[PDB]
Protein chains: 4
Amino acid sequence: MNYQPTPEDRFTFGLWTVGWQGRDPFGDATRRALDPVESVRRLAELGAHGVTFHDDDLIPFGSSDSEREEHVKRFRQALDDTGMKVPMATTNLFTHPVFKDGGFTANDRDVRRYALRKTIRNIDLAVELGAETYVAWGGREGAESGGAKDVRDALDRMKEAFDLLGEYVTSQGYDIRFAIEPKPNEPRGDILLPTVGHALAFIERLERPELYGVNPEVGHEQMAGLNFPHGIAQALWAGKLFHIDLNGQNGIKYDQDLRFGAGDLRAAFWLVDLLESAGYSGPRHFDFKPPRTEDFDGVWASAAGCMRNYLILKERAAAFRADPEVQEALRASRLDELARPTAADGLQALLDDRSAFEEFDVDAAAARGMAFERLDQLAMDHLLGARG
Amino acid sequence: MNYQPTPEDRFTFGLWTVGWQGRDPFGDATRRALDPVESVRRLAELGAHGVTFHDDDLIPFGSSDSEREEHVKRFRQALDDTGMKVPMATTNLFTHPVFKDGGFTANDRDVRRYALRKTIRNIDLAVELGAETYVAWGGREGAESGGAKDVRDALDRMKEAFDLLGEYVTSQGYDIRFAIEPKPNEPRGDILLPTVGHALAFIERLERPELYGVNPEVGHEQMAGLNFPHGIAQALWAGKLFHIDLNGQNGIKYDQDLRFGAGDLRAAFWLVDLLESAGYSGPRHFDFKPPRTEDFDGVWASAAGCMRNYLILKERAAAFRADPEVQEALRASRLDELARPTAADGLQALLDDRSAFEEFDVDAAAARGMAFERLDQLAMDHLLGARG
Amino acid sequence: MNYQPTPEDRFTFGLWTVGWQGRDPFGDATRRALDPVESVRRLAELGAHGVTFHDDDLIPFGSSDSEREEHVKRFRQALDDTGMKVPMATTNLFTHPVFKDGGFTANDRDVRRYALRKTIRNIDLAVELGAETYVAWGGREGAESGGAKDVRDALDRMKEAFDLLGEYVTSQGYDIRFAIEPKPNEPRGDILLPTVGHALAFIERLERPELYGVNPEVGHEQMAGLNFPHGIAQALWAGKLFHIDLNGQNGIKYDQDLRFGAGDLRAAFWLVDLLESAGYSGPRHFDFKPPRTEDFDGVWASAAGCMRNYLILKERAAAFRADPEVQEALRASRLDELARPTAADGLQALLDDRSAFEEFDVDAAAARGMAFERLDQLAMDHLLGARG
Amino acid sequence: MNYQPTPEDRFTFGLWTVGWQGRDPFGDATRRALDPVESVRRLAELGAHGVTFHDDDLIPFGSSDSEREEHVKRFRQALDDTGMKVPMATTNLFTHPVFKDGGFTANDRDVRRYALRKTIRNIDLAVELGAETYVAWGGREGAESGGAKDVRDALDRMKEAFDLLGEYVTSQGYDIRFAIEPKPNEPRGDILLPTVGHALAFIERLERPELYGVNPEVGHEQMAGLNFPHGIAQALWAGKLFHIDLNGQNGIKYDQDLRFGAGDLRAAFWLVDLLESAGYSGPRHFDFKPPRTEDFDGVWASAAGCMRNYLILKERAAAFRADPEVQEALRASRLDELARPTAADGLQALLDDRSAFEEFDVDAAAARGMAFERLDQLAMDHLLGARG
Ligand SMILES: [Mg+2]
Ligand SMILES: [Mg+2]
Ligand SMILES: [Mg+2]
Ligand SMILES: [Mg+2]
Ligand code: NI
Ligand code: NI
Ligand code: NI
Ligand code: NI
């Protein structure tokens, strides 16, 4: 069994992932900076499909227009030399001290206008480079204390910001959609739109909701103790899974951003099963941090492992679903019945149906086991490659 | 300072709260059952406005129609004798073994039809007793294992169920709205619609969304580590806060349902500040469990304390907002600016505005402190009644 | 590959595990009670080595001495007929309402004396049946509120209780040791001795510490977000791992008690690696609850799966440690150096050693990568049976 | 009511607390560096008793001996000019990249010897400045992955390190004790000795345990969902509370280090009640980070608020314990009985005592309520200054 990725697998990486220098709240960098060109080349050699960037990863904050142009031209040449694509881009509205109280929801109105202008400039660049999705991660939108932020006013400001961005895109005629990335906390004590559900709900209040989806990250929903495959199912059900960030997280703690497959391994299996069976066709993007224990050899080993673990889990999920004994077990657990309408006959027929209440044998129904444990042990056996 | 509740304060209690006998996963009941009539009388004497019920709290599961009628007539007489109201009602779709895999999203189709019929019968009763809101808590909708539940199919079934309920209500001409109560886990390993955000998002996919809101519970959002006042702000912003359940919870663990004011006390303060400043006009309902250490005297002491703590926090939040030094601090932290539009001048003017980018002094902006710590210490001083 | 357990594998089960009827805080039993004799027989057929019990699982609370004698005689015959052993026993000091504020640390002194007497009576029975370890799980020792329990007084009472139990055992000449089982919460809001560390620390203050060890449970340390293999390593390091309870838990929430291998699968792998490489020789006991969705067929499927998952992980951990490439990777990550003394040369030599400070090249040291990511991907490959 | 601290209150602050520049994992510094001399002066003016330091906060990493001497002389003059004391000091073994895999438990043996030498040099300085307690926080001792660290070997290395430090102190004749500071995670995925219990247990295996205690931090135990006052009670019970770090934390997430009184306010009340009623006489040290939203005015406001909130809670805990109605409630809840021995009469008398088992009326005992809810509402009323 080997598991070599190819660009057709649509694996992508942010520049800031393999380029993370290892600075954490308690320690200095353990690695030197990587030139974006070198990252593109190394990732292409590993079998990646593409890369993504924040404005500030590519063009140093404060660069002159002429320095701007040269950074972009070198990057473009790297993409041309390797066949790598740029499917997604985003804005850094969190590192510079001016964003210490947020970008779109900063209390200072002048900061909010600046955040919008910085964003628009990068949307134009994203379109130029061929990106299809523009992510917004409002990492500084939130508060450490209750009186610092009136959340209804802040949501008004957030809606206003996204509405203006949609006006811009439509007026310019750009073929790009937005994806909001939720996170419950860190670096703010609580972040606005903390989960996939809150982001989905917010989108429905925007002026042009069809332009907006979610970019969920495995570790972020897990920082709220939530079931990531369930949240992705809800996003797929809503037609809003525009992009996805893959990584690993061990429970409720700081955002670890481990390589994909690390952290909750069974959740990774059910996630891949869901993405492949739903036919999600977008990038498989890894937003991860090689641990700061590693040198550059360990950075590339960690990046390769992201892709490797996806392909192993893809093979095991596929074998699970194709196994005749598993298909029989799904029927024994009535997954087929779950998929049938409860009352296609309609309300009136349901009300008139004595077998649904008056004559329903609740005791006999209650006695039926669901057979879920046998089903779940077949899933475990498939995951571990122990089928017998 | 005294803090006596009156029915005008709109405090309400479920029958199942003061009536909880103390059975937990590891122990037998520590208290005898309470007759609903006796509960109505005792709560009226404490100053409560009303009570709520599950079908099965009022009418024993399996009761004959004639026994049904007598249970209702005695209850009605109790309400008549005391002036107590019944603003909300709900269905028990979780205790009986037939619901072990859910009600609306059970894999067995016959169980799903039964759950709908049991619900409709209680909606009619709720209307008869004057309830304005019908809550749905899908405590068994979910799974312990990944293959047991296809969540997209389950959401189809959940939508189907709520759509049929809305058809029923509209066809009957009833003046009642629905409120979905989220919970992330317990008793299932993961519960569908685990947070206020996921429930809000789901509602937007229903056929008649205006009939549906949320019933958030303080402890449930806290079981996901979320900021409850922030989630309530989002529900208010959306126009969907139809009902609310007040209690206390100490962190991420099993659902404690402590009396209101216990658990996260500062969160209770910011919640009351928000409810009163938004002019929420619905019931202040307590869904709590007197600890099983208590006898009946401690049950009524715990219930009284729920109301007492609300009224103390209401007085402290009001004093905070009325304090001229606090109003000056809110301006120093630019809460006034948060409430002003970022760009009422419009996209084009924003793009043409050199002071928003080209000439914006990012360094000067970054240097401005937000003054949030002084604001939060004034809030602490007000909460503790230590103002100087 | 097959994975059939035999009694030499020392797998054991509590009567209360497969016998759990499915009652949870929100629902009635979904299964009928099992006779202990039938459980012994079914578990023997599955390949179990032995069973464990609480006093009240075997002898109904309040039984007459003569009824007591018959329950024991039937049970003994079942053990004789099957070859099953009883390596551990414990006391129920949590179900009866008299224990609502604890057993050994109840505020009421008469309850504390009763708890000791109930315990001693079962120790005699445990010895008669051949148990080597007596577990104490103080599930009701704790509090929901801060003033209810003075924890220093409560620890005095807890020490007093365990000291008296050790006096009893030594005076009777019994060959039995005690194992304290920690749990952070549930059913009390906070439980005393909440983690393996707190229990280890407490033991050192007892009069005869050598008689006491810990019985850690996978899910309990995980309810505090802790690393279970790390806590077991500390218990092994201390010489105090007398018994262990195996199950699965998905994160910080209510105590799920899933079958072993469910929940955090990578943690299960590192745990088995540690137990087998340390040569832990005690029982592999499963304290788990077959989900209440299951009928009796699913109960036995869940029990079998506990044993199956242990044996698969045992095979994968063994292959990992035996793999020459893994041994080379451990050396590349300097695990060999971790095992060598830092300063066997002694304090004075260390102080005189200029290469340890004055002449140490901190920059060169800092540049060395730890190679942990490659090591961890070899572990992942072994776990998934994907080695190439 | 006013609440002005004086040096007799023994409030202390680390240099790194008010001096935190605001750099977090996602953002640059928002404040300029503070000179230690200026911090000493400002804190003295606020009423602080003293300051603490890491070696590297006072003497820049890599400083020449002569630069070392000047940094110390200026600092000493500041202490002399203000009357401020230095009760505790510690070592930075976490910021420099050489410590990326730990200090005392780094896999590289040469790094471990360096960490010891760096520590010893600062112990000498601590003694010179008058410190009584030397803290060790092993923030890098731990792992992100299971094979990276053999925890039994790592504990051997940790014991070896602390044993050598105790040899040094005793051989030099220094009057200083060590205090180990636990933390469950961050910056490592899991940190060794993650809680107060694990640190207490470890100490008992050291060669000279009387030289070692714990330095618990409010937020750290709360990052594991634990009850901080309960853990402090266990440390007091053991005679090992040598120092304490006060701050605030909102639940299980990244280490917030908010000002004391923020986060879990009721836990802060029960902590102060316990410290004052046990007569803890050590420093009240604040290890906190003024949020990076603040300018220097907000830094000093946050520091003042730490002290203010301690003094308010001290007044409320004292009023609670002195209230005759509270003393009557404590007796109603049998706290007096908790403090009496269970069996001072001895094992034999207990075994012979028919009223402890044979004739004990379990039903009557079970019926007695504990009256904890009334007690806890009196505590709430006292905390909020609402007594009536
Ligand atoms: Mg991301
Ligand atoms: Mg509720
Ligand atoms: Mg157990
Ligand atoms: Mg600290
Ligand atoms: Ni992340
Ligand atoms: Ni609840
Ligand atoms: Ni458990
Ligand atoms: Ni901290």
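Colleague: Is there a simple way to think about the coordination of the magnesium ion (ligand 2) in this case?
Modeller: Angles between donor atoms at a metal ideally measure 109.5 degrees for a four-coordinate tetrahedral arrangement and either 90 or 180 degrees for a six-coordinate octahedral one. Residues and elements named next belong to chain B. The protein atoms donating to the magnesium ion (ligand 2) are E181 (OE), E217 (OE), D245 (OD) and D287 (OD), with metal-donor distances spanning 2.3 to 2.5 Å. In terms of primary sequence, the donors binding the magnesium ion (ligand 2) are separated according to E-x35-E-x27-D-x41-D. A spacing of 5.2 Å is found between the magnesium ion (ligand 2) and the nickel ion (ligand 6), which share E217 as a donor. Of this pair, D245 sits in strand β9 (residues 245–246) while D287 sits in the loop between β10 (284–286) and α11 (296–322), and the two are 42 residues apart along the sequence.

Colleague: Please explain the relation of the copies chain C and chain B as it appears in this structure.
Modeller: Note: a rotation about an axis with an accompanying shift along it relates these two copies of the chain. Superposing chain C onto chain B takes a rotation of 180° plus a shift of 0.0 Å along the axis, which leaves an RMSD of 0.0 Å. Expressed as a symmetry operation, the mapping of one chain copy onto the other fits a two-fold axis. Looking at chain C, 100% of its interface residues are interface residues in chain B too, so the copies touch through the same face.

Colleague: Sorry if this is basic, but what is going on with the sheet that holds strand β4 (residues 133–136) of chain C here?
Modeller: Neighbouring strands of a sheet are bound in pairs by backbone hydrogen bonds; such pairs are parallel or else antiparallel. Residue and element names in this part refer to chain C. The parallel open sheet is built from 8 strands, whose spatial order is β8-β6-β4-β3-β2-β1-β10-β9. Looking at strand neighbours, the two that pair on one side only are β8 (212–214) and β9 (245–246), the edges of this open sheet. Looking at chain direction, strand β6 (residues 177–180) and β8 are connected through 3 bridges and run parallel. Residue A179 lies in a different strand from β8, and its bridge partner there is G213. Relative to β6, helix α6 (residues 151–172) is tilted by about 160°, and along the sheet it contacts β4, β6 and β8. Docked against the sheet, helix α11 (residues 296–322) engages β1 (11–14), β9 and β10 (284–286), running at close to 150° with respect to β1.

Colleague: Please clarify how the pairing of strand β6 (residues 177–180) of chain D should be interpreted in this entry.
Modeller: Both strand β4 (residues 133–136) of chain D and β6(D) contribute to a ladder of 4 bridges, which runs parallel. Directly across from D:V135, in β6(D), lies its bridge partner D:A179.

Colleague: Sorry, what's going on with the UniProt feature "binding site: Mg(2+) 2" in chain A here?
Modeller: All names here are of chain A. Those places that UniProt annotates as "binding site: Mg(2+) 2" correspond, in this numbering, to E217, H220, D255 and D257. Spatial clustering of the annotated residues is evident: they stretch over 41 residues in sequence, but the largest pairwise C-alpha distance comes to 10.5 Å. Inspection of the secondary structure assignment puts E217 in the loop between β8 (212–214) and α8 (218–222). Excluding its chain neighbours within four sequence positions, the residues that come into contact with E217 are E181, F228, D245, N247, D255, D257 and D287. Side-chain polar atoms of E217 contact the side chain of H220, separated by 2.8 Å. Position of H220 relative to the elements: it lies in helix α8.

Colleague: What exactly am I supposed to notice about the interface of chain C and chain B here?
Modeller: Size of an interface: often given as the accessible area lost when the parts come together. Each side of the interface is counted separately: chain C has 31 residues, and chain B has 31 residues. For the pair chain C and chain B, the summed buried surface comes to about 2,900 Å²; carbon and sulfur atoms form 56% of the total. Among the ionic pairs, C:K253 bridges to B:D190, the shortest N-O distance being 3.6 Å. Seen at the junction of chain C and chain B, the total is 12 residue pairs in polar contact. Residue classes in the side of chain C that touches chain B are distributed as 10 nonpolar, 7 polar and 14 charged.

Colleague: Please explain the packing of helix α7 (residues 196–203) of chain C against helix α7 (residues 196–203) of chain D as it appears in this structure.
Modeller: If you want to describe how two helices pack, look at the angle between their axes and the distance between the axes. Following both chains from N to C, one finds α7(C) and α7(D) inclined at 35°, their axes separated by 7 Å at the closest point. Pair α7(C) / α7(D) crosses with left-handed handedness. Contact residues: α7(C) offers C:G197, C:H198, C:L200 and C:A201, while α7(D) offers D:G197, D:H198, D:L200 and D:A201. Residues of the contact of α7(C) with α7(D), tallied by class, amount to 4 nonpolar, 4 polar and no charged.

So, how was this worked out
- Residues numbered from 1 in each chain as written, not as in the entry; some residues may be left out.
- Chains lettered and ligands numbered in written order.
- Heavy atoms only, no water.
- Donors = N, O, S within 2.8 Å, 3.2 Å for Na, K, Ca; no water.
- Helix = DSSP H or I, 4+ residues; strand = E, 2+ residues; numbered from the N terminus.
- Least-squares fit on C-alpha atoms.
- Contact = heavy atoms within 4.5 Å.
- Pairing = 2+ DSSP bridges.
- Axes fitted to C-alpha atoms, helices over the stretch in contact; angles between N-to-C directions.
- UniProt positions renumbered as here; feature names shortened; annotations may be inferred.
- Polar contact = N/O pair within 3.5 Å; in protein donor to acceptor, adjacent residues only side chain to side chain.
- Buried area = accessible area lost by both parts, 1.4 Å probe.
- Salt bridge = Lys/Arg side-chain N within 4 Å of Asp/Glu carboxyl O.
- Nonpolar A, V, L, I, M, F, W, Y, C, P; charged D, E, K, R; others polar.
- Left-handed = near helix turned anticlockwise from the far one by under 90°.

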